[PDB]
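Reading through the structure tokens given below for one structure.
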4 protein chains.
Amino acid sequence: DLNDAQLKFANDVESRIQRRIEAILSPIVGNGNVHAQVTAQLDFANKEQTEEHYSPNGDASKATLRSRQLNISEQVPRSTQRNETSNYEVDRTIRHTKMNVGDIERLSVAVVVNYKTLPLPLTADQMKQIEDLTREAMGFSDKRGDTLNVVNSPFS
Amino acid sequence: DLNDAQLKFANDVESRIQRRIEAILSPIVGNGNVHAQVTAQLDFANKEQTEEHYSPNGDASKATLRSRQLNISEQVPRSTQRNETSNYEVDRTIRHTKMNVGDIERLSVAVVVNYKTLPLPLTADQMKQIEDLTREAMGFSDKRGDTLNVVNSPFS
Amino acid sequence: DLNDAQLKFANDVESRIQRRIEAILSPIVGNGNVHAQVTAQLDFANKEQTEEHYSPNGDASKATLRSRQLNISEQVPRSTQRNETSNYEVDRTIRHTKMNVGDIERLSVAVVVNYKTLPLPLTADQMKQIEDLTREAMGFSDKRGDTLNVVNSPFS
Amino acid sequence: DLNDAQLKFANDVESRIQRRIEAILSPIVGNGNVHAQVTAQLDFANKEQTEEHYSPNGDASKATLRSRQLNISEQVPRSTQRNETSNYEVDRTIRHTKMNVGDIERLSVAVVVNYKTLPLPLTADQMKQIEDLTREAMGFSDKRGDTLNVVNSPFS
């Protein structure tokens, strides 16, 4: 029963993205001269993370001391001694996070644009504008790994 | 059921932003000569953080002492001794934070502007003013990573 | 009873992918001039993972110390001694994940395209566009190992 | 009673594969000019696995230390001493998996293609296309060890 819920959730996400793309693209080319299909991958795994960090204190001008002992001796046959003990206080940061189930991982979008009749193919600048608008509509992210493909061809 | 609530919340946020953009842009170009689409990414993860910091006390003019012992000896064959023990009091700061679920992470906005009929394209200065107004309306933030694209093209 | 549920889930996934491919391809070649078949492999195993990592502290400028003892002696027959003891604080990260049952592992898709009658085979550019659109529709992933095969042949 | 369930499950899997192959192959050669038979081997054993791994720390630039003692002496008859004790923190990964009962291990498929009447045997290119489509339909995997055999012969 959970798998069916996952399928319906994915379908809802894809339908919302497709509706947004159609809404933004309709005023330019026409009401029924564009079609789009969206496929999405979703993460349904449970993840938790805990991170702990400390700041370096190797520099004497940055360390914080709590107690220190220092003994120095010298006899002049030359003899020299030096004993040192130190205790430090350190800066510590802890973060705990629990990830959300149902996030998007990757998107792939294909768009088909009808020819203009006044059978003449669209110009390159119009195709570039259409691609830019579609990229904005999909929330394109290079880090995620999304793919987009737009094809201009006459409709049957 | 939670995922549907997340979807409706995202839709509400996007609709509010779109309504604001349309409201600010309508008086300049016209009532029905502009369209906008907004897509948003939201963070639905639970995060907590604790930070602890100390101030450095390596400078003798900044340290705070609680007790100190100092023994010095000298015999004149030259002999010299020096024993020192010190205890410090330090300044400490602690901060605890719990993040809010449902914050915005990134925004992408696409706007289409109709041609002016008195078929003449709009001037560059008008496009710059429109872009500035849209940037103000979206709450543009360079740190967040928002993207905006405005296209001037005749409407079908 | 579980195996029948797995079979029906796989059939639903394949049917959804086939429907998407047919929907994207229909406007270009025609309503009834394309057929597609999809077979999918699904992972129905239960997996859990725990990962723990530490940051290196071999560099003296990156380590965080809690206490340190250092004794140095020298008599001048030349004698030299040096005793050192140190205690460190380290950065540690822990992650726990539980995988989702029912994920896709591999996809194989076969498409047949009808000849154009105005018996003339389709051009190479049209075949390339069809292949690109199908690749977008299937959510093709090279890492997963998907396979696609498109054949242009007259229909009986 | 379990063995009968295993037999019916295997029959269902084989019937689904045969139906897919017939559906993809019918539009090209004809409605009743192709037959296929599928036999499958299934794994009905219960298996569990646990894996544990550690990262190497032989490089001094990658190790993480918790405490270290180092004593050095030298008298100049030349005498030299060096005592060292070290304690490490290591990265550890644990994975636990439980396999799914009822997976496919190997497939064998035989197909017979009828002669074309306009008694003329089919061309080599058509046979290659049929083989490629069948390979896509069966989800052929070289690692699994599947076998396919297609024969073109007149029907009685």
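Chain lettering (A, B, ...) mirrors the order of the structure tokens, residue numbering begins at 1 for each chain separately, and ligand numbering begins at 1 in order of display.
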_Those of range 40-90 of chain B in DSSP strand (DSSP E or B), formatted as a ChimeraX atom specification_ = /B:40-43,46-54,64-75,79-89
Next, the residues of the selection above should be written as a short mmCIF file (atom, residue, chain, number, x, y, z; two decimals), in the first residue's frame with N, CA and C atoms.
```cif
data_model
loop_
_atom_site.label_atom_id
_atom_site.label_comp_id
_atom_site.auth_asym_id
_atom_site.auth_seq_id
_atom_site.Cartn_x
_atom_site.Cartn_y
_atom_site.Cartn_z
N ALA B 40 9.65 27.05 -6.13
CA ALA B 40 10.37 27.22 -4.87
C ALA B 40 10.80 25.87 -4.32
N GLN B 41 11.95 25.87 -3.65
CA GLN B 41 12.46 24.72 -2.92
C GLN B 41 12.39 25.01 -1.43
N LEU B 42 11.85 24.07 -0.67
CA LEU B 42 11.65 24.24 0.76
C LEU B 42 12.40 23.16 1.53
N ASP B 43 12.88 23.53 2.72
CA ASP B 43 13.61 22.62 3.59
C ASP B 43 12.65 22.08 4.65
N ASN B 46 14.56 18.46 10.13
CA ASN B 46 14.66 18.89 11.51
C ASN B 46 16.14 19.00 11.89
N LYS B 47 16.55 20.19 12.32
CA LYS B 47 17.94 20.46 12.67
C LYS B 47 18.02 21.17 14.01
N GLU B 48 19.04 20.80 14.79
CA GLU B 48 19.35 21.46 16.05
C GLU B 48 20.85 21.72 16.10
N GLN B 49 21.25 22.75 16.85
CA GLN B 49 22.66 23.10 16.93
C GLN B 49 22.98 23.65 18.31
N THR B 50 24.18 23.32 18.80
CA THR B 50 24.72 23.84 20.05
C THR B 50 26.15 24.29 19.81
N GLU B 51 26.46 25.53 20.21
CA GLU B 51 27.77 26.12 20.02
C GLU B 51 28.32 26.59 21.36
N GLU B 52 29.61 26.37 21.58
CA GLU B 52 30.28 26.78 22.81
C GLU B 52 31.62 27.41 22.45
N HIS B 53 31.89 28.59 23.02
CA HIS B 53 33.09 29.34 22.69
C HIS B 53 33.75 29.88 23.96
N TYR B 54 35.07 30.03 23.89
CA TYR B 54 35.88 30.59 24.96
C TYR B 54 36.73 31.73 24.41
N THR B 64 42.59 36.48 33.61
CA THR B 64 42.05 36.62 34.96
C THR B 64 42.55 35.46 35.80
N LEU B 65 43.27 35.78 36.87
CA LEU B 65 43.91 34.79 37.72
C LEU B 65 43.09 34.56 38.99
N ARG B 66 43.11 33.32 39.47
CA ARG B 66 42.50 32.95 40.74
C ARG B 66 43.52 32.70 41.83
N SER B 67 44.64 32.04 41.51
CA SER B 67 45.74 31.85 42.44
C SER B 67 47.02 31.68 41.65
N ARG B 68 48.14 32.04 42.27
CA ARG B 68 49.44 31.97 41.61
C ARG B 68 50.53 31.75 42.65
N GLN B 69 51.47 30.86 42.33
CA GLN B 69 52.65 30.61 43.15
C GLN B 69 53.90 30.88 42.33
N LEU B 70 54.89 31.53 42.96
CA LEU B 70 56.11 31.92 42.27
C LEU B 70 57.29 31.80 43.23
N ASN B 71 58.23 30.92 42.90
CA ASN B 71 59.44 30.72 43.70
C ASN B 71 60.66 31.02 42.85
N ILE B 72 61.56 31.85 43.38
CA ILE B 72 62.77 32.26 42.68
C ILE B 72 63.97 32.04 43.60
N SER B 73 65.02 31.42 43.07
CA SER B 73 66.26 31.20 43.81
C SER B 73 67.44 31.56 42.92
N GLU B 74 68.55 31.93 43.56
CA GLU B 74 69.75 32.32 42.83
C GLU B 74 70.95 32.21 43.76
N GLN B 75 71.96 31.44 43.34
CA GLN B 75 73.20 31.30 44.09
C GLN B 75 74.37 31.74 43.21
N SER B 79 73.92 29.59 39.73
CA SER B 79 72.74 28.75 39.75
C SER B 79 71.49 29.62 39.77
N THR B 80 70.47 29.21 39.02
CA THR B 80 69.22 29.95 38.93
C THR B 80 68.06 28.97 38.84
N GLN B 81 66.97 29.29 39.54
CA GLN B 81 65.77 28.47 39.53
C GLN B 81 64.54 29.37 39.44
N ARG B 82 63.46 28.82 38.91
CA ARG B 82 62.20 29.56 38.80
C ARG B 82 61.06 28.57 38.63
N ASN B 83 60.16 28.53 39.60
CA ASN B 83 58.98 27.67 39.56
C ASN B 83 57.73 28.53 39.62
N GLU B 84 56.76 28.22 38.75
CA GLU B 84 55.55 29.02 38.65
C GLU B 84 54.35 28.11 38.42
N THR B 85 53.25 28.41 39.12
CA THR B 85 51.98 27.71 38.96
C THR B 85 50.87 28.74 38.95
N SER B 86 49.94 28.63 38.01
CA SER B 86 48.87 29.61 37.87
C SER B 86 47.56 28.92 37.53
N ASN B 87 46.46 29.52 37.99
CA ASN B 87 45.11 29.04 37.74
C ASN B 87 44.26 30.19 37.22
N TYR B 88 43.47 29.92 36.19
CA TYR B 88 42.77 30.97 35.44
C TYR B 88 41.26 30.82 35.55
N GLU B 89 40.58 31.95 35.34
CA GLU B 89 39.14 31.99 35.11
C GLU B 89 38.89 32.48 33.69
#
```
*Counting only C-alpha atoms, what is within 9 Å of range 24-38 of chain B, bar same-chain residues fewer than 4 positions away, as a PyMOL selection string?*
(chain A and resi 20-21+23-24+27+136-137) or (chain B and resi 14-15+17-20+107-116+130+133-134+137+155)
*So which residues of range 25-61 of chain B fall under alpha helix (DSSP H) by DSSP, listed as a list in words?*
residues 25, 26, 27, 28 and 29 of chain B
Residue subset to file, keeping N, CA and C atoms, as a short mmCIF file (atom, residue, chain, number, x, y, z; two decimals), in the first residue's frame:
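Final file, again_18.cif:
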```
data_model
loop_
_atom_site.label_atom_id
_atom_site.label_comp_id
_atom_site.auth_asym_id
_atom_site.auth_seq_id
_atom_site.Cartn_x
_atom_site.Cartn_y
_atom_site.Cartn_z
N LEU B 25 3.66 44.74 -11.10
CA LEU B 25 3.93 44.98 -12.51
C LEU B 25 2.73 45.46 -13.32
N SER B 26 1.50 45.22 -12.84
CA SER B 26 0.32 45.56 -13.64
C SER B 26 0.20 47.05 -13.96
N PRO B 27 0.38 47.99 -13.03
CA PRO B 27 0.12 49.40 -13.36
C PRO B 27 0.99 49.96 -14.47
N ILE B 28 2.16 49.39 -14.73
CA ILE B 28 3.09 49.96 -15.70
C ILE B 28 2.77 49.48 -17.11
N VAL B 29 2.73 48.16 -17.31
CA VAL B 29 2.58 47.63 -18.67
C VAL B 29 1.12 47.44 -19.05
#
```
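Rounded to one decimal, CA of residue 129 in chain C and CA of residue 151 in chain A lie 7.1 Å from each other.
Atom to atom, CA of residue 140 in chain C and CA of residue 8 in chain B stand 29.7 Å apart.
Considering the residues C:145, C:154, C:139, C:102 and counting only C-alpha atoms, chain D has its shortest atom-to-atom contact with C:154.
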*Distance CA of residue 117 in chain A-CA of residue 152 in chain C, one decimal place?*
28.6 Å
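Minimum atom-to-atom distance to residue 99 in chain C, evaluated using only C-alpha atoms, belongs to A:44 out of A:44, A:13, A:3, A:63.
With distances restricted to only C-alpha atoms, C:59 is the closest residue to chain D from C:59, C:12, C:125, C:103.
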*Excluding residue 1 in chain C and residues on its chain fewer than 5 positions from it, collect all residues at most 10 Å away from it, counting only C-alpha atoms, and give them as an MDAnalysis selection string.*
(chainID C and resid 6) or (chainID D and resid 5 9)
Could the residues in this selection be saved with C-alpha atoms as a PDB file, in the first residue's frame?
```pdb
ATOM      1  CA  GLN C   6       5.497  -7.485  -6.303  1.00  0.00           C
TER       2      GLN C   6
ATOM      3  CA  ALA D   5       2.605 -21.972  -5.073  1.00  0.00           C
ATOM      4  CA  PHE D   9       4.476 -18.173  -9.463  1.00  0.00           C
TER       5      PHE D   9
END
```
